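Undergrad: coords_8.cif is the file, holding mmCIF, C-alpha atoms and all ligand atoms:
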data_structure
#
loop_
_atom_site.group_PDB
_atom_site.id
_atom_site.type_symbol
_atom_site.label_atom_id
_atom_site.label_comp_id
_atom_site.auth_asym_id
_atom_site.auth_seq_id
_atom_site.Cartn_x
_atom_site.Cartn_y
_atom_site.Cartn_z
ATOM 1 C CA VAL A 1 179.508 133.225 136.212
ATOM 2 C CA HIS A 2 176.485 131.886 134.323
ATOM 3 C CA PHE A 3 176.997 130.367 130.861
ATOM 4 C CA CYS A 4 174.315 130.676 128.203
ATOM 5 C CA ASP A 5 173.082 127.263 127.023
ATOM 6 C CA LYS A 6 172.198 128.698 123.626
ATOM 7 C CA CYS A 7 175.300 130.608 122.590
ATOM 8 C CA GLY A 8 177.706 129.064 125.106
ATOM 9 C CA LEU A 9 179.177 132.324 126.384
ATOM 10 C CA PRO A 10 179.218 133.696 129.961
ATOM 11 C CA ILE A 11 176.317 136.060 130.525
ATOM 12 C CA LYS A 12 177.013 139.599 131.685
ATOM 13 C CA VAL A 13 173.740 141.193 130.594
ATOM 14 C CA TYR A 14 170.321 139.511 130.926
ATOM 15 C CA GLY A 15 167.062 139.916 129.094
ATOM 16 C CA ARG A 16 164.112 139.826 131.495
ATOM 17 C CA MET A 17 160.860 138.748 129.889
ATOM 18 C CA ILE A 18 157.811 140.851 130.678
ATOM 19 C CA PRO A 19 155.449 139.846 132.186
ATOM 20 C CA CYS A 20 156.516 136.275 133.056
ATOM 21 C CA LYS A 21 159.794 137.615 134.565
ATOM 22 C CA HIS A 22 162.088 134.779 133.478
ATOM 23 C CA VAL A 23 165.634 135.765 132.462
ATOM 24 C CA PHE A 24 167.977 134.653 129.718
ATOM 25 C CA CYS A 25 171.200 135.664 127.981
ATOM 26 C CA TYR A 26 170.390 139.157 126.664
ATOM 27 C CA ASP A 27 171.971 138.717 123.224
ATOM 28 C CA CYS A 28 170.114 135.471 122.578
ATOM 29 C CA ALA A 29 166.836 136.935 123.847
ATOM 30 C CA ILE A 30 167.171 139.833 121.371
ATOM 31 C CA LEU A 31 168.258 137.523 118.547
ATOM 32 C CA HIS A 32 165.192 135.378 119.259
ATOM 33 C CA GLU A 33 163.035 138.539 119.241
ATOM 34 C CA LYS A 34 164.544 139.688 115.931
ATOM 35 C CA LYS A 35 163.479 136.346 114.451
ATOM 36 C CA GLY A 36 159.835 137.005 115.326
ATOM 37 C CA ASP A 37 159.560 134.847 118.426
ATOM 38 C CA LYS A 38 157.130 136.286 120.958
ATOM 39 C CA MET A 39 157.116 133.435 123.451
ATOM 40 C CA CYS A 40 159.362 133.046 126.502
ATOM 41 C CA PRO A 41 161.974 130.400 125.707
ATOM 42 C CA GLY A 42 161.574 128.872 129.171
ATOM 43 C CA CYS A 43 157.849 128.884 129.992
ATOM 44 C CA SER A 44 156.295 129.793 126.601
ATOM 45 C CA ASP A 45 154.132 132.633 127.973
ATOM 46 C CA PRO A 46 153.592 135.554 125.571
ATOM 47 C CA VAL A 47 156.273 138.227 125.935
ATOM 48 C CA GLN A 48 155.217 141.893 125.790
ATOM 49 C CA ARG A 49 158.776 143.244 125.936
ATOM 50 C CA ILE A 50 162.333 142.421 126.995
ATOM 51 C CA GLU A 51 164.119 144.411 129.726
ATOM 52 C CA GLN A 52 167.884 144.755 129.847
ATOM 53 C CA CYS A 53 169.316 143.878 133.255
ATOM 54 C CA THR A 54 172.835 143.629 134.630
ATOM 55 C CA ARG A 55 173.796 140.486 136.515
ATOM 56 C CA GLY A 56 173.670 141.925 140.024
ATOM 57 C CA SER A 57 170.379 143.784 139.799
ATOM 58 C CA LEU A 58 168.044 140.771 140.046
ATOM 59 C CA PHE A 59 166.427 138.798 142.863
ATOM 60 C CA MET A 60 165.429 135.312 141.616
ATOM 61 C CA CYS A 61 162.788 133.083 143.194
ATOM 62 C CA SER A 62 164.263 129.598 143.671
ATOM 63 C CA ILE A 63 161.256 127.879 145.224
ATOM 64 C CA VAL A 64 160.803 124.338 143.845
ATOM 65 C CA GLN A 65 157.203 123.038 143.857
ATOM 66 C CA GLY A 66 155.038 120.692 141.820
ATOM 67 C CA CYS A 67 153.054 121.991 138.836
ATOM 68 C CA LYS A 68 149.689 120.358 139.680
ATOM 69 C CA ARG A 69 147.813 121.751 136.646
ATOM 70 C CA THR A 70 145.161 119.298 135.389
ATOM 71 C CA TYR A 71 144.143 118.159 131.933
ATOM 72 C CA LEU A 72 141.102 116.293 130.569
ATOM 73 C CA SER A 73 143.147 113.908 128.448
ATOM 74 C CA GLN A 74 146.564 112.321 128.603
ATOM 75 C CA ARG A 75 147.189 113.853 125.188
ATOM 76 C CA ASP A 76 146.505 117.352 126.557
ATOM 77 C CA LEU A 77 148.780 116.702 129.542
ATOM 78 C CA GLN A 78 151.551 115.636 127.182
ATOM 79 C CA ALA A 79 151.039 118.756 125.056
ATOM 80 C CA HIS A 80 151.262 120.846 128.251
ATOM 81 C CA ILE A 81 154.537 119.150 129.232
ATOM 82 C CA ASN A 82 155.991 119.761 125.743
ATOM 83 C CA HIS A 83 154.853 123.392 125.865
ATOM 84 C CA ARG A 84 155.762 124.322 129.419
ATOM 85 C CA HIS A 85 158.460 122.063 130.840
ATOM 86 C CA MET A 86 161.016 121.044 128.258
ATOM 87 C CA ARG A 87 163.288 124.035 128.700
ATOM 88 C CA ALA A 88 162.435 124.839 132.304
ATOM 89 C CA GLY A 89 165.235 122.872 133.940
ATOM 90 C CA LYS A 90 165.870 119.328 135.150
ATOM 91 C CA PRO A 91 162.734 117.942 136.804
ATOM 92 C CA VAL A 92 163.371 116.990 140.442
ATOM 93 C CA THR A 93 162.708 113.283 141.062
ATOM 94 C CA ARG A 94 163.501 110.680 143.697
ATOM 95 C CA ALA A 95 165.500 109.042 140.903
ATOM 96 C CA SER A 96 168.409 111.193 142.053
ATOM 97 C CA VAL B 1 141.177 109.216 148.774
ATOM 98 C CA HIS B 2 142.160 112.893 148.906
ATOM 99 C CA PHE B 3 141.171 114.960 151.957
ATOM 100 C CA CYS B 4 140.366 118.646 151.611
ATOM 101 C CA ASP B 5 142.687 120.812 153.728
ATOM 102 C CA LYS B 6 140.000 123.469 154.049
ATOM 103 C CA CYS B 7 136.911 121.543 155.098
ATOM 104 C CA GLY B 8 138.658 118.330 156.158
ATOM 105 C CA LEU B 9 136.425 115.942 154.224
ATOM 106 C CA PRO B 10 137.399 113.407 151.521
ATOM 107 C CA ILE B 11 136.946 114.888 148.067
ATOM 108 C CA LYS B 12 134.704 113.119 145.577
ATOM 109 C CA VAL B 13 134.024 116.056 143.262
ATOM 110 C CA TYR B 14 136.654 118.643 142.250
ATOM 111 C CA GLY B 15 136.442 122.214 141.092
ATOM 112 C CA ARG B 16 138.882 122.888 138.252
ATOM 113 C CA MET B 17 139.908 126.516 137.940
ATOM 114 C CA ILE B 18 139.829 127.998 134.456
ATOM 115 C CA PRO B 19 142.249 128.937 132.999
ATOM 116 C CA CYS B 20 145.050 128.076 135.460
ATOM 117 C CA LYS B 21 143.763 124.454 135.667
ATOM 118 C CA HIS B 22 144.486 123.834 139.352
ATOM 119 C CA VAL B 23 141.949 121.692 141.237
ATOM 120 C CA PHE B 24 140.426 121.863 144.689
ATOM 121 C CA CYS B 25 137.574 120.426 146.746
ATOM 122 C CA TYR B 26 134.492 121.394 144.709
ATOM 123 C CA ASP B 27 132.336 122.493 147.654
ATOM 124 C CA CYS B 28 135.048 124.759 149.036
ATOM 125 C CA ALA B 29 135.798 126.192 145.589
ATOM 126 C CA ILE B 30 132.112 127.134 145.178
ATOM 127 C CA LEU B 31 131.877 128.468 148.737
ATOM 128 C CA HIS B 32 134.946 130.609 148.027
ATOM 129 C CA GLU B 33 133.309 131.795 144.778
ATOM 130 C CA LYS B 34 130.059 132.641 146.589
ATOM 131 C CA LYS B 35 132.100 134.865 148.909
ATOM 132 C CA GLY B 36 133.358 136.940 145.979
ATOM 133 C CA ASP B 37 136.819 135.446 145.623
ATOM 134 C CA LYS B 38 138.007 135.432 142.021
ATOM 135 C CA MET B 39 141.557 134.231 142.573
ATOM 136 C CA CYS B 40 142.793 130.629 142.522
ATOM 137 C CA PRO B 41 143.428 129.555 146.114
ATOM 138 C CA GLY B 42 146.665 127.832 145.094
ATOM 139 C CA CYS B 43 148.406 130.093 142.564
ATOM 140 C CA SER B 44 146.349 133.323 142.844
ATOM 141 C CA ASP B 45 145.739 133.660 139.084
ATOM 142 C CA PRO B 46 142.380 135.207 138.127
ATOM 143 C CA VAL B 47 139.653 132.586 137.724
ATOM 144 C CA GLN B 48 137.187 132.957 134.834
ATOM 145 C CA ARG B 49 135.026 130.003 135.893
ATOM 146 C CA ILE B 50 135.013 126.766 137.886
ATOM 147 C CA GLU B 51 134.443 123.382 136.202
ATOM 148 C CA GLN B 52 132.952 120.431 138.042
ATOM 149 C CA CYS B 53 135.038 117.277 137.663
ATOM 150 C CA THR B 54 134.785 113.784 139.102
ATOM 151 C CA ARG B 55 137.873 112.287 140.705
ATOM 152 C CA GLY B 56 138.816 109.911 137.900
ATOM 153 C CA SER B 57 138.431 112.265 134.958
ATOM 154 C CA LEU B 58 141.637 114.280 135.462
ATOM 155 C CA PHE B 59 145.264 113.950 134.376
ATOM 156 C CA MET B 60 147.522 115.994 136.707
ATOM 157 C CA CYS B 61 150.996 117.268 135.847
ATOM 158 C CA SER B 62 153.369 116.343 138.686
ATOM 159 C CA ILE B 63 156.573 117.836 137.301
ATOM 160 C CA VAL B 64 158.608 119.564 140.043
ATOM 161 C CA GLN B 65 160.834 122.439 138.847
ATOM 162 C CA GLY B 66 162.193 125.709 140.189
ATOM 163 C CA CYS B 67 160.220 128.943 139.766
ATOM 164 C CA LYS B 68 163.083 131.152 138.489
ATOM 165 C CA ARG B 69 160.976 134.324 138.091
ATOM 166 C CA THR B 70 163.023 137.470 138.828
ATOM 167 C CA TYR B 71 162.280 140.627 140.767
ATOM 168 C CA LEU B 72 163.961 144.052 140.959
ATOM 169 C CA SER B 73 163.848 144.223 144.744
ATOM 170 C CA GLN B 74 163.945 141.782 147.617
ATOM 171 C CA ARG B 75 160.654 143.305 148.736
ATOM 172 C CA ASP B 76 159.038 142.442 145.385
ATOM 173 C CA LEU B 77 160.424 138.898 145.553
ATOM 174 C CA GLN B 78 158.935 138.493 149.018
ATOM 175 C CA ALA B 79 155.572 139.814 147.807
ATOM 176 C CA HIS B 80 155.729 137.288 144.938
ATOM 177 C CA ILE B 81 156.423 134.436 147.377
ATOM 178 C CA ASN B 82 153.496 135.514 149.596
ATOM 179 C CA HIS B 83 151.234 135.779 146.546
ATOM 180 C CA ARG B 84 152.226 132.670 144.629
ATOM 181 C CA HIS B 85 153.790 130.045 146.880
ATOM 182 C CA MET B 86 152.216 129.939 150.307
ATOM 183 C CA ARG B 87 149.437 127.529 149.429
ATOM 184 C CA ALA B 88 151.161 125.727 146.575
ATOM 185 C CA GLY B 89 152.592 122.846 148.583
ATOM 186 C CA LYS B 90 155.713 122.085 150.609
ATOM 187 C CA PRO B 91 158.769 123.563 148.886
ATOM 188 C CA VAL B 92 161.314 120.868 147.990
ATOM 189 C CA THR B 93 164.674 121.485 149.692
ATOM 190 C CA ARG B 94 167.839 119.553 150.467
ATOM 191 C CA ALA B 95 166.802 120.089 154.089
ATOM 192 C CA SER B 96 164.832 116.861 153.748
HETATM 193 ZN ZN ZN C 101 173.364 133.415 124.687
HETATM 194 ZN ZN ZN C 102 158.714 132.777 131.040
HETATM 195 ZN ZN ZN C 103 158.432 131.999 142.642
HETATM 196 ZN ZN ZN C 104 136.657 121.246 151.113
HETATM 197 ZN ZN ZN C 105 145.778 128.221 139.997
HETATM 198 ZN ZN ZN C 106 153.001 121.045 134.374
#
Write out the structure in this file as structure tokens.
TA:
Amino acid sequence: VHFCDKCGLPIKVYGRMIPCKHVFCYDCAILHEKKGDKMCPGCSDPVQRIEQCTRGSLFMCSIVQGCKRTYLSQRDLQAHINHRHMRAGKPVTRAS
Amino acid sequence: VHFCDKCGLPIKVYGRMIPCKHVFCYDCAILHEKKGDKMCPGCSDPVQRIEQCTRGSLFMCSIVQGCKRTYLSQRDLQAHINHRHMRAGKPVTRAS
């Protein structure tokens, strides 16, 4: 039982983004696509196409590591964070 | 003071991979490049070129999040882990 944080309903069919391979509620993925959005809602990579996938057909990587990408200005680092990390889950910190 | 885990010496000049933006000991990055390696040693993305960067000129993203990429077989997930995660730092786990 996984609830979609966009529509609020339990997900039974997923949309798998190609080629970044992130998954989301299928109906919301399509809706998003219909609207002209061509970026992955979670990582912002370009999306070539969306695959339909039933709940039990997927093997998800759950490895948690630091990003470690580097930027030449604090401004560019902030833009990277806004672009890449804001919908990619709660950041893990000692403050927990 | 950051020691290189390849050569073992303290790093004063970094090589910044373009476009994945990971950084490594400059001398080892070049050496690796001289050998014909065109993949980032940390994330395995293709590397277009290597930028030379002094220690204090970089702003690193330290956000720690889960990967969450999905695969259609356990075998493909394992290949992804071997390809993407083995030199990307200690995975964060409760087992700590
Ligand atoms: Zn939804
Ligand atoms: Zn993505
Ligand atoms: Zn992964
Ligand atoms: Zn080195
Ligand atoms: Zn890299
Ligand atoms: Zn980052």
Undergrad: Would you work out the distance separating CA of residue 13 in chain B from CA of residue 53 in chain B, expressed in Å to one decimal?
TA: 5.8 Å
Undergrad: Going by the chain IDs and residue numbers used in this file, which residues fall under the PyMOL selection byres (((chain A and resi 63-77) around 9) and not hetatm)? Write them as a PyMOL selection string.
TA: (chain A and resi 61-62+78-82+92) or (chain B and resi 16+20-23+57-68+81+85+88-93)
Undergrad: Limited to C-alpha atoms, could you put the picked residues into a file as a short mmCIF file (atom, residue, chain, number, x, y, z; two decimals), in the frame of the given file?
TA:
data_model
loop_
_atom_site.label_atom_id
_atom_site.label_comp_id
_atom_site.auth_asym_id
_atom_site.auth_seq_id
_atom_site.Cartn_x
_atom_site.Cartn_y
_atom_site.Cartn_z
CA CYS A 61 162.79 133.08 143.19
CA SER A 62 164.26 129.60 143.67
CA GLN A 78 151.55 115.64 127.18
CA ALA A 79 151.04 118.76 125.06
CA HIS A 80 151.26 120.85 128.25
CA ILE A 81 154.54 119.15 129.23
CA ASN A 82 155.99 119.76 125.74
CA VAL A 92 163.37 116.99 140.44
CA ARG B 16 138.88 122.89 138.25
CA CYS B 20 145.05 128.08 135.46
CA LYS B 21 143.76 124.45 135.67
CA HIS B 22 144.49 123.83 139.35
CA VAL B 23 141.95 121.69 141.24
CA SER B 57 138.43 112.26 134.96
CA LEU B 58 141.64 114.28 135.46
CA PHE B 59 145.26 113.95 134.38
CA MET B 60 147.52 115.99 136.71
CA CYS B 61 151.00 117.27 135.85
CA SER B 62 153.37 116.34 138.69
CA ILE B 63 156.57 117.84 137.30
CA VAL B 64 158.61 119.56 140.04
CA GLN B 65 160.83 122.44 138.85
CA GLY B 66 162.19 125.71 140.19
CA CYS B 67 160.22 128.94 139.77
CA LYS B 68 163.08 131.15 138.49
CA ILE B 81 156.42 134.44 147.38
CA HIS B 85 153.79 130.04 146.88
CA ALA B 88 151.16 125.73 146.57
CA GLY B 89 152.59 122.85 148.58
CA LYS B 90 155.71 122.08 150.61
CA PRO B 91 158.77 123.56 148.89
CA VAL B 92 161.31 120.87 147.99
CA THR B 93 164.67 121.48 149.69
#
Undergrad: Give the answer as one residue: which of A:49, A:84, A:94, A:6 has the shortest atom-to-atom distance to residue 24 in chain A, using all atoms listed in the file?
TA: A:6
Undergrad: Please provide chain A as a short mmCIF file (atom, residue, chain, number, x, y, z; two decimals) with C-alpha atoms, keeping the file's coordinate frame, once it has been superposed on chain B by least squares across all sequentially paired Cα atoms.
TA:
data_model
loop_
_atom_site.label_atom_id
_atom_site.label_comp_id
_atom_site.auth_asym_id
_atom_site.auth_seq_id
_atom_site.Cartn_x
_atom_site.Cartn_y
_atom_site.Cartn_z
CA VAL A 1 141.18 109.22 148.77
CA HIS A 2 142.16 112.89 148.91
CA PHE A 3 141.17 114.96 151.96
CA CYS A 4 140.37 118.65 151.61
CA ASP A 5 142.69 120.81 153.73
CA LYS A 6 140.00 123.47 154.05
CA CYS A 7 136.91 121.54 155.10
CA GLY A 8 138.66 118.33 156.16
CA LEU A 9 136.43 115.94 154.22
CA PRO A 10 137.40 113.41 151.52
CA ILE A 11 136.95 114.89 148.07
CA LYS A 12 134.70 113.12 145.58
CA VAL A 13 134.02 116.06 143.26
CA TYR A 14 136.65 118.64 142.25
CA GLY A 15 136.44 122.21 141.09
CA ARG A 16 138.88 122.89 138.25
CA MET A 17 139.91 126.52 137.94
CA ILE A 18 139.83 128.00 134.46
CA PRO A 19 142.25 128.94 133.00
CA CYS A 20 145.05 128.08 135.46
CA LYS A 21 143.76 124.45 135.67
CA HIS A 22 144.49 123.83 139.35
CA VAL A 23 141.95 121.69 141.24
CA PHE A 24 140.43 121.86 144.69
CA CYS A 25 137.58 120.43 146.75
CA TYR A 26 134.49 121.39 144.71
CA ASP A 27 132.34 122.49 147.65
CA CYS A 28 135.05 124.76 149.04
CA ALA A 29 135.80 126.19 145.59
CA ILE A 30 132.11 127.13 145.18
CA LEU A 31 131.88 128.47 148.74
CA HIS A 32 134.95 130.61 148.03
CA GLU A 33 133.31 131.79 144.78
CA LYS A 34 130.06 132.64 146.59
CA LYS A 35 132.10 134.86 148.91
CA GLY A 36 133.36 136.94 145.98
CA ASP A 37 136.82 135.45 145.62
CA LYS A 38 138.01 135.43 142.02
CA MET A 39 141.56 134.23 142.57
CA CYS A 40 142.79 130.63 142.52
CA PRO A 41 143.43 129.56 146.11
CA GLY A 42 146.67 127.83 145.09
CA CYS A 43 148.41 130.09 142.56
CA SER A 44 146.35 133.32 142.84
CA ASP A 45 145.74 133.66 139.08
CA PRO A 46 142.38 135.21 138.13
CA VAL A 47 139.65 132.59 137.72
CA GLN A 48 137.19 132.96 134.83
CA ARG A 49 135.03 130.00 135.89
CA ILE A 50 135.01 126.77 137.89
CA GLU A 51 134.44 123.38 136.20
CA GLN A 52 132.95 120.43 138.04
CA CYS A 53 135.04 117.28 137.66
CA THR A 54 134.78 113.78 139.10
CA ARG A 55 137.87 112.29 140.71
CA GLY A 56 138.82 109.91 137.90
CA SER A 57 138.43 112.26 134.96
CA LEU A 58 141.64 114.28 135.46
CA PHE A 59 145.26 113.95 134.38
CA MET A 60 147.52 115.99 136.71
CA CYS A 61 151.00 117.27 135.85
CA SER A 62 153.37 116.34 138.68
CA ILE A 63 156.57 117.84 137.30
CA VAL A 64 158.61 119.56 140.04
CA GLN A 65 160.83 122.44 138.85
CA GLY A 66 162.19 125.71 140.19
CA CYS A 67 160.22 128.94 139.77
CA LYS A 68 163.08 131.15 138.49
CA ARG A 69 160.98 134.32 138.09
CA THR A 70 163.02 137.47 138.83
CA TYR A 71 162.28 140.63 140.77
CA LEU A 72 163.96 144.05 140.96
CA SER A 73 163.85 144.22 144.74
CA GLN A 74 163.95 141.78 147.62
CA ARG A 75 160.65 143.30 148.74
CA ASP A 76 159.04 142.44 145.38
CA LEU A 77 160.42 138.90 145.55
CA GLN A 78 158.93 138.49 149.02
CA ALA A 79 155.57 139.81 147.81
CA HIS A 80 155.73 137.29 144.94
CA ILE A 81 156.42 134.44 147.38
CA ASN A 82 153.50 135.51 149.60
CA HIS A 83 151.23 135.78 146.55
CA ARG A 84 152.23 132.67 144.63
CA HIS A 85 153.79 130.04 146.88
CA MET A 86 152.22 129.94 150.31
CA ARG A 87 149.44 127.53 149.43
CA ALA A 88 151.16 125.73 146.57
CA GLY A 89 152.59 122.85 148.58
CA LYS A 90 155.71 122.09 150.61
CA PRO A 91 158.77 123.56 148.89
CA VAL A 92 161.31 120.87 147.99
CA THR A 93 164.67 121.49 149.69
CA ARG A 94 167.84 119.55 150.47
CA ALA A 95 166.80 120.09 154.09
CA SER A 96 164.83 116.86 153.75
#
Undergrad: Would you list the contacts of residue 39 in chain B as a list in words, taking every protein, DNA or RNA residue within 12 Å and counting all atoms listed in the file, but skipping same-chain residues closer than 2 positions in sequence?
TA: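 Here the answer would be residues 17, 18, 19, 20, 22, 29, 32, 33, 35, 36, 37, 41, 42, 43, 44, 45, 46, 47, 48, 49, 50, 83 and 84 of chain B.
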Undergrad: Could you state the separation of CA of residue 12 in chain B and CA of residue 87 in chain B in Å, given to one decimal place?
TA: 21.0 Å
Undergrad: Could you tell me how far CA of residue 25 in chain B lies from CA of residue 38 in chain B, in Å and to one decimal?
TA: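 Interatomic distance here is 15.7 Å.
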Undergrad: Could you list the residues chosen by the PyMOL selection byres (((chain A and resi 1) around 9) and not hetatm) in this structure as a ChimeraX atom specification?
TA: /A:2-3,10-12
Undergrad: Could you pull out the residues sitting within 7 Å of ligand ZN 101 (chain C), using only C-alpha atoms and all ligand atoms, and write them as a VMD selection string?
TA: chain A and resid 4 to 9 25 to 28
Undergrad: Start from the incomplete input, build N, CA, C and O atoms for range 27-49 of chain B, and deliver everything as a short mmCIF file (atom, residue, chain, number, x, y, z; two decimals), in the frame of the given file.
TA:
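Wrote part.cif, looks like this:
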data_model
loop_
_atom_site.label_atom_id
_atom_site.label_comp_id
_atom_site.auth_asym_id
_atom_site.auth_seq_id
_atom_site.Cartn_x
_atom_site.Cartn_y
_atom_site.Cartn_z
N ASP B 27 133.21 121.76 146.75
CA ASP B 27 132.34 122.49 147.65
C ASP B 27 133.03 123.75 148.19
O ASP B 27 132.44 124.83 148.25
N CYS B 28 134.29 123.61 148.56
CA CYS B 28 135.05 124.76 149.04
C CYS B 28 135.33 125.78 147.94
O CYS B 28 135.28 126.99 148.18
N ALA B 29 135.64 125.31 146.74
CA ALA B 29 135.80 126.19 145.59
C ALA B 29 134.54 127.05 145.39
O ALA B 29 134.62 128.27 145.27
N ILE B 30 133.37 126.40 145.35
CA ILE B 30 132.11 127.13 145.18
C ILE B 30 131.90 128.13 146.33
O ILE B 30 131.64 129.31 146.12
N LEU B 31 132.02 127.63 147.56
CA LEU B 31 131.88 128.47 148.74
C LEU B 31 132.72 129.73 148.61
O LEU B 31 132.24 130.84 148.82
N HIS B 32 133.99 129.53 148.25
CA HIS B 32 134.95 130.61 148.03
C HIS B 32 134.41 131.57 146.96
O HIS B 32 134.47 132.79 147.11
N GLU B 33 133.87 131.01 145.87
CA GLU B 33 133.31 131.79 144.78
C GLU B 33 132.10 132.61 145.24
O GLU B 33 131.98 133.80 144.92
N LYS B 34 131.22 131.97 146.00
CA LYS B 34 130.06 132.64 146.59
C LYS B 34 130.46 133.86 147.42
O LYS B 34 129.72 134.84 147.50
N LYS B 35 131.64 133.80 148.03
CA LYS B 35 132.10 134.86 148.91
C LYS B 35 132.68 136.05 148.14
O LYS B 35 132.96 137.10 148.71
N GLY B 36 132.85 135.87 146.83
CA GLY B 36 133.36 136.94 145.98
C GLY B 36 134.81 136.79 145.56
O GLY B 36 135.39 137.67 144.91
N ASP B 37 135.41 135.66 145.93
CA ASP B 37 136.82 135.45 145.62
C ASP B 37 136.99 135.00 144.18
O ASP B 37 136.36 134.04 143.73
N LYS B 38 137.83 135.72 143.44
CA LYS B 38 138.01 135.43 142.02
C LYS B 38 139.44 135.04 141.71
O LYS B 38 139.87 135.06 140.56
N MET B 39 140.18 134.67 142.74
CA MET B 39 141.56 134.23 142.57
C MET B 39 141.68 132.76 142.94
O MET B 39 140.98 132.27 143.83
N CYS B 40 142.55 132.04 142.23
CA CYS B 40 142.79 130.63 142.52
C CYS B 40 143.43 130.52 143.90
O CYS B 40 144.38 131.23 144.21
N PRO B 41 142.90 129.63 144.74
CA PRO B 41 143.43 129.56 146.11
C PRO B 41 144.87 129.05 146.16
O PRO B 41 145.52 129.21 147.18
N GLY B 42 145.34 128.42 145.09
CA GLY B 42 146.66 127.83 145.09
C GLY B 42 147.74 128.67 144.42
O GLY B 42 148.87 128.70 144.87
N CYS B 43 147.40 129.34 143.32
CA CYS B 43 148.41 130.09 142.56
C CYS B 43 148.06 131.59 142.47
O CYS B 43 148.89 132.41 142.05
N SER B 44 146.84 131.94 142.87
CA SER B 44 146.35 133.32 142.84
C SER B 44 146.03 133.92 141.46
O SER B 44 145.64 135.08 141.37
N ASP B 45 146.16 133.14 140.38
CA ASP B 45 145.74 133.66 139.08
C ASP B 45 144.25 133.99 139.13
O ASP B 45 143.51 133.40 139.92
N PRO B 46 143.81 134.97 138.32
CA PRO B 46 142.38 135.21 138.13
C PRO B 46 141.67 133.94 137.67
O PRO B 46 142.23 133.18 136.89
N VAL B 47 140.45 133.72 138.15
CA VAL B 47 139.65 132.59 137.72
C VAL B 47 138.43 133.07 136.95
O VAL B 47 137.63 133.85 137.47
N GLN B 48 138.31 132.62 135.70
CA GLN B 48 137.19 132.96 134.83
C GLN B 48 135.96 132.16 135.24
O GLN B 48 134.87 132.70 135.35
N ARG B 49 136.13 130.86 135.47
CA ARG B 49 135.03 130.00 135.89
C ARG B 49 135.54 128.73 136.55
O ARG B 49 136.71 128.39 136.45
#
